[PDB]
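Reading through the structure tokens given below for one structure.
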Amino acid sequence: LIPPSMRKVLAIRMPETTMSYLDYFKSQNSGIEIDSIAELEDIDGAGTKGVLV
Amino acid sequence: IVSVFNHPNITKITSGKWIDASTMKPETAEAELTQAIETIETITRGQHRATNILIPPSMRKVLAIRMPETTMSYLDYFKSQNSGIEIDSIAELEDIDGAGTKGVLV
Amino acid sequence: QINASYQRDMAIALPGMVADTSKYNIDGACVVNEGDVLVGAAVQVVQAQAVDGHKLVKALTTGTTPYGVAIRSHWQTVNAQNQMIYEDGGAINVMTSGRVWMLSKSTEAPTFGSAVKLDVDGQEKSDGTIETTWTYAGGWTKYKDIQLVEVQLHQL
Amino acid sequence: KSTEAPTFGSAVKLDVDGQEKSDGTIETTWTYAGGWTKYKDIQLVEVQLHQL
């Protein structure tokens, strides 16, 4: 689970190729679901973000 | 009567110039377009998704550049990552305030 | 592409809203006189009819004593200047005891249980002049740039 | 914690622990109601509570 504002980080294409980081990561790691939860934007009340695995 | 560029409740984004003295920047355009789409997504809390883009007719040359060390272009990559959107050109966007100011509408 | 879900929080209360279901009391035999009353602002009694039974209420003014706070109703109110008011010459709801949300002119949270300070126009505000015997019930929230406060009202 | 019956209508005074006392250091606006009963070495008193 990742915050929605970090969805664009995983969509950057790797250099010298025409696929994103997320596609390669999903190909390497089969059977794992990645999703976004807006409650992860602020985890302590000061704007700090977090990722939950 | 209030125009669509002067509406006081819409979201305006300041941008770095895509063309700076005949120096194309094909990554800034893609970054700002993605930012605008994500802003529309996150401001209505998921109830509305962007579907149409209108760009000046003179900026279609920026989106036709081949990405380095490959074949397919920036526009093709953008469409592949954001299938389901329509991009068009409007001549009313060449000038938005009478002094040469350009703009993009999403 | 990966999905996302968002979350939003409802507001707490609105001006002239009964805070909770504690012991309360509302008077509905009162009639507005010479003007109109904003919902959520203090009122005062100018004259009580001896034999007819109705009481004449109007917006609070300097050098007077408040009697109650008008509360919300979707039937006995009219929509004017983008707010909800009670017009002249009509029945009014005046809450004389209990917890209620009312408009404020202050800037900082008040201390629990202290006395309530009133402004000249019938709205809550610290360091005011009009003296009251009501208390603060520990409520301090804002609904889209409108400042509200929770007040405990004792019957006169 | 007292030993004498209270007078009806008089104000009640509490103790530091939080229990009733005939001569306490905490002033309170409550009232006595008249009842004065003991249940197996425990002293009870009936108090009328007013809203703050």
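In the order they appear, the protein sequences are chains A, B, C and D.
Mapping to the working numbering: the first sequence position 31 is 31, numbers consecutive.
Mapping to the working numbering: the second sequence position 60 is 1060, numbers consecutive.
Mapping to the working numbering: the third sequence position 138 is 2138, numbers consecutive.
Mapping to the working numbering: the fourth sequence position 13 is 3013, numbers consecutive.
All C-beta atoms in this analysis are idealised placements derived from N, C-alpha and C, irrespective of residue type, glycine included.
Chain C within 7 Å of residue i, Cβ atoms only
| i | result |
| --- | --- |
| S36 (chain A) | yes |
| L3052 (chain D) | yes |
| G1084 (chain B) | no |
| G1046 (chain B) | yes |
| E41 (chain A) | no |
Expected contact under 8 Å - CB spacing of residue i and residue j to nearest Å
| i | j | result |
| --- | --- | --- |
| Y2067 (chain C) | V2037 (chain C) | Not a contact, Cβ separation roughly 12 Å. |
| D1088 (chain B) | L1054 (chain B) | 6 Å |
| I1040 (chain B) | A1050 (chain B) | 5 Å |
| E2150 (chain C) | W2075 (chain C) | Not quite, the Cβ-Cβ distance comes to about 25 Å (not below 8 Å), so this is no contact. |
| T1034 (chain B) | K8 (chain A) | 6 Å |
| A2042 (chain C) | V2018 (chain C) | No, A2042 (chain C) and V2018 (chain C) are not in contact; Cβ-Cβ is about 16 Å, not under 8 Å. |
| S1058 (chain B) | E1032 (chain B) | The Cβ separation is near 17 Å, so there is no contact. |
| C2030 (chain C) | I2071 (chain C) | The pair is not a contact, with the Cβ atoms about 12 Å apart (cut-off 8 Å). |
| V2032 (chain C) | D2119 (chain C) | Incorrect: roughly 20 Å between the Cβ atoms, too far for contact. |
| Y21 (chain A) | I32 (chain A) | So it is not a contact: roughly 14 Å between Cβ atoms. |
| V2046 (chain C) | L2060 (chain C) | That belief does not hold up - the Cβ atoms of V2046 (chain C) and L2060 (chain C) are roughly 11 Å apart, past 8 Å. |
| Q2044 (chain C) | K2058 (chain C) | 6 Å |
| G47 (chain A) | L40 (chain A) | With 8 Å as the limit, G47 (chain A) and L40 (chain A) do not qualify as a contact, their Cβ atoms being about 12 Å apart. |
Neighbour flag for residue i against chain B, beta carbons, 7 Å
| i | result |
| --- | --- |
| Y2006 (chain C) | yes |
| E16 (chain A) | yes |
| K49 (chain A) | no |
| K26 (chain A) | no |
Helix, strand or coil at residue i according to DSSP, with G and I counted as helix
| i | result |
| --- | --- |
| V2046 (chain C) | strand |
| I1043 (chain B) | helix |
| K1079 (chain B) | helix |
| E2150 (chain C) | strand |
| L1093 (chain B) | helix |
| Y21 (chain A) | helix |
| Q2007 (chain C) | coil |
| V51 (chain A) | coil |
| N1009 (chain B) | coil |
| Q2001 (chain C) | coil |
| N2082 (chain C) | coil |
| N2033 (chain C) | coil |
| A2070 (chain C) | strand |
| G2028 (chain C) | strand |
| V2057 (chain C) | strand |
| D1088 (chain B) | strand |
| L3052 (chain D) | coil |
| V2018 (chain C) | strand |
From the options, residue whose alpha carbon lies closest to that of residue i
| i | options | result |
| --- | --- | --- |
| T1011 (chain B) | B:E1038, B:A1021 and B:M1024 | B:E1038 |
| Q2081 (chain C) | C:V2069, C:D2121 and C:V2039 | C:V2039 |
| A2137 (chain C) | C:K2125, C:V2116 and C:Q2083 | C:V2116 |
| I2146 (chain C) | C:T2132, C:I2130, C:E2124 and C:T2135 | C:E2124 |
| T2062 (chain C) | C:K2142, C:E2131 and C:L2156 | C:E2131 |
| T2096 (chain C) | C:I2026, C:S2005 and C:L2014 | C:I2026 |
| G2028 (chain C) | C:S2005, C:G2053, C:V2046 and C:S2022 | C:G2053 |
| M1072 (chain B) | A:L40, A:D44 and A:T18 | A:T18 |
| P3006 (chain D) | D:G3018, D:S3022 and D:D3017 | D:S3022 |
| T3031 (chain D) | D:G3009, D:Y3039 and D:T3025 | D:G3009 |
| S2005 (chain C) | A:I43, A:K49, A:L52 and A:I37 | A:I37 |
| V1106 (chain B) | B:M1067, B:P1056 and B:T1023 | B:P1056 |
| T2021 (chain C) | C:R2099, C:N2003 and C:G2139 | C:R2099 |
| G3035 (chain D) | D:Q3048, D:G3018, D:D3017 and D:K3001 | D:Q3048 |
| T2065 (chain C) | C:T2133, C:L2103 and C:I2002 | C:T2133 |
Short CB-CB distance (under 7 Å) between residue i and chain D
| i | result |
| --- | --- |
| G2122 (chain C) | no |
| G2098 (chain C) | no |
| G2113 (chain C) | yes |
Cβ of residue i within 7 Å of any chain A Cβ
| i | result |
| --- | --- |
| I2002 (chain C) | yes |
| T1034 (chain B) | yes |
| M1072 (chain B) | yes |
- Query: Hey, which unbroken runs of the beta strand (DSSP E) at 3 residues or more fall wholly within the region 2089-2146 of chain C?
  - Reply: 2091-2103, 2115-2118 and 2130-2142
- Message: Suppose only complete runs of 4+ residues qualify. What are the alpha helix (DSSP H) ranges in the region 1017-1069 of chain B, listed by chain order?
- Response: 1026-1043
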